[PDB]
Protein chains: 2
Amino acid sequence: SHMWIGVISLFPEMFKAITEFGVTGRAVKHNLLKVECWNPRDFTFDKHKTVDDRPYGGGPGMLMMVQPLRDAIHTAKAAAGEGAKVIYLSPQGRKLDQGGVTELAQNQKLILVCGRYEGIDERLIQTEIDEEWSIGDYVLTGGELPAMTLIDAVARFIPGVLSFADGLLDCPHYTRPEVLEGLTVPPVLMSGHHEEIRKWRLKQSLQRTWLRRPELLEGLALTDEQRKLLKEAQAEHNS
Amino acid sequence: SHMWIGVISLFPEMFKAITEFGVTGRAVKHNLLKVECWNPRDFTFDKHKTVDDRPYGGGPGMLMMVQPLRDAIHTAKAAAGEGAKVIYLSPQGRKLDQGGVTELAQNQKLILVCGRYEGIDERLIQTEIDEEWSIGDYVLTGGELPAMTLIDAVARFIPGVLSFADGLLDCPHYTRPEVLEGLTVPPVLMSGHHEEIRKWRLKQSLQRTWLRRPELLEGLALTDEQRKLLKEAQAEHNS
Ligand SMILES: c1cc(-c2cnc[nH]2)ccn1
Ligand SMILES: c1cc(-c2cnc[nH]2)ccn1
């Protein structure tokens, strides 16, 4: 099932990073994912194509100019037709996580508004934006990398495109050679015992989540098997 | 003060998104930031330039092939000289936040290793990586967008390149026109009263943090002024 994502950005060429390369580049080429960009600069009318403006109240920064940005959004909305969710990427938004990604991926159409400078007029958020989303508690130079991050994450859910599946960190992975700077591959992985290997990997995920991100465990209802392997991992750690 | 960032990636052209555009593009052009990429594909020797390999123990995915990736890392380390911190971008890493960004930005040299497929051999993390970092609890198709995100965030700290400064969400911002779809600019911002404007903005930040991200407040030692304005905001909310 196709996903269409409209993008509003002063730097649309940044999105070549996801539309021209890798898994996401394939998804675009195969028409599984469509990414369409509108640049507020194209909606300006003055000679110098001005896209920023001064904040009321003063301050050292600038904001996105309202008229070109508003017009770009309206154009994207018209192209989307009915049912597109309009998202503003900002640190004031809902924190993105895999559960949030799964939710966003349920939309067939999204419009992603990328801010630059000190951001956008609050009244545009009120009148034009459906949801604000943050990719993390850090400050960037613009909304483009967050938008690309969001697109990449939701793209993985599109059929044909391709251990947080159960909320745990991933297990360690090994490939050739069998010995690397004196470090050997765990023999269980060489055993060909599919069930032993499954349980080892799950136990490692549980142990790594417990040691690195114990808060993630509290959010889970562990299966009987997971409870057992976690107990074993914690016992081995204390021995 | 210059920052040098070495990048190991199968898709180095993705990094044009930050080296050719905007604030980060300027930083690169002005030699404030140098980004240098090595591609494991260039370190292969077989006819088909193979960069992936099968995981021991089976499973549906592939891993980065060790030899080309290892050789690329060693080459980057040699180019960096002494004192470069080597970072692997992964969901199993330390969660990036602004405090973490400030810490990373203290390094004059960084090497960022971007994984693809199901990631990299655990023994390479042991032997080659100094720190693992995550940009958030979501799964992407590769480490490139996280690396670019990290670069963008740390770049803001480089002198000459340019409200989490005190750990709060930002205040609303307004620009022209004075009225937008019936919504007016708060009169205080039109007053020209610099101290009233400062306090209004701070109060708004406190109110927005309290309503949207109350957990962020618990991590703060509020100033007397902040305690007062937060109390006022909470009173007005309950009235
Ligand atoms: C979403 C947006 C942003 C951001 C936009 N402009 C500066 N920072 C940061 C994180 N997640
Ligand atoms: C850092 C790396 C990753 C990632 C790398 N490969 C798949 N996901 C996700 C978030 N932060």
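Read the numbers this way: they start at 1 and go in the same order the structure lists the ligands and their atoms. Numbered from 1 within each chain, the chains take letters A, B, ... in sequence-line order.
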query = Do the side chains of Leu217(A) and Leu168(A) get nearer than 4.5 Å, heavy atoms only?
reply = yes
message = Side chains of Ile135(A) and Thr149(B), heavy atoms from C-beta outward: is any pair under 4.5 Å?
response = yes
request  = Within a distance under 4.0 Å of any heavy atom of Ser90(A), pick out the atoms of ligand 1 and give their elements.
outcome  = 1 (C), 2 (C)
query = Can you list the ligand 1 atoms lying under 4.0 Å from a non-hydrogen atom of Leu89(A)?
reply = 1 (C), 2 (C)
request  = Return yes when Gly136(B) approaches ligand 2 closer than 4.0 angstrom through a heavy atom, no otherwise.
outcome  = yes
Specify the protein heavy atom at minimum distance from [atom]: its residue, its atom name, and the distance to 0.1 Å.
atom: atom 11 (N) of ligand 1; answer: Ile135(A) N, 3.1 Å
atom: atom 3 (C) of ligand 2; answer: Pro91(B) CD, 3.6 Å
atom: atom 7 (C) of ligand 2; answer: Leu140(B) O, 2.9 Å
atom: atom 9 (C) of ligand 1; answer: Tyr138(A) O, 3.5 Å

request  = Could you give me the CA-CA distance, side-chain angles and deciding distance for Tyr117(B) and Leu63(B), then say whether side chain to side chain contact (heavy atoms under 4.5 Å, CB included) is met?
outcome  = CA-CA 6 Å; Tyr117(B) 320 115; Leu63(B) 298 170; 5.8 Å; no
Ion pair present between [X] and [Y], side-chain N to carboxylate O less than 4.0 angstrom?
X: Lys16(B); Y: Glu13(A); answer: no
X: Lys85(A); Y: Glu131(A); answer: yes
X: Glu215(A); Y: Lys95(B); answer: no

inquiry  = So does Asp97(B) get a backbone contact from the side chain of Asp137(A), meaning a donor-acceptor N/O pair under 3.5 Å?
reply    = no
query = Taking heavy atoms and a distance under 4.0 Å, where does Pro146(A) meet ligand 1: side chain, backbone, both or neither?
reply = side chain
key: Option of least heavy-atom distance to atom 5 (C) of ligand 1 (set: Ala147(A), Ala153(B), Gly142(A))   = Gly142(A)
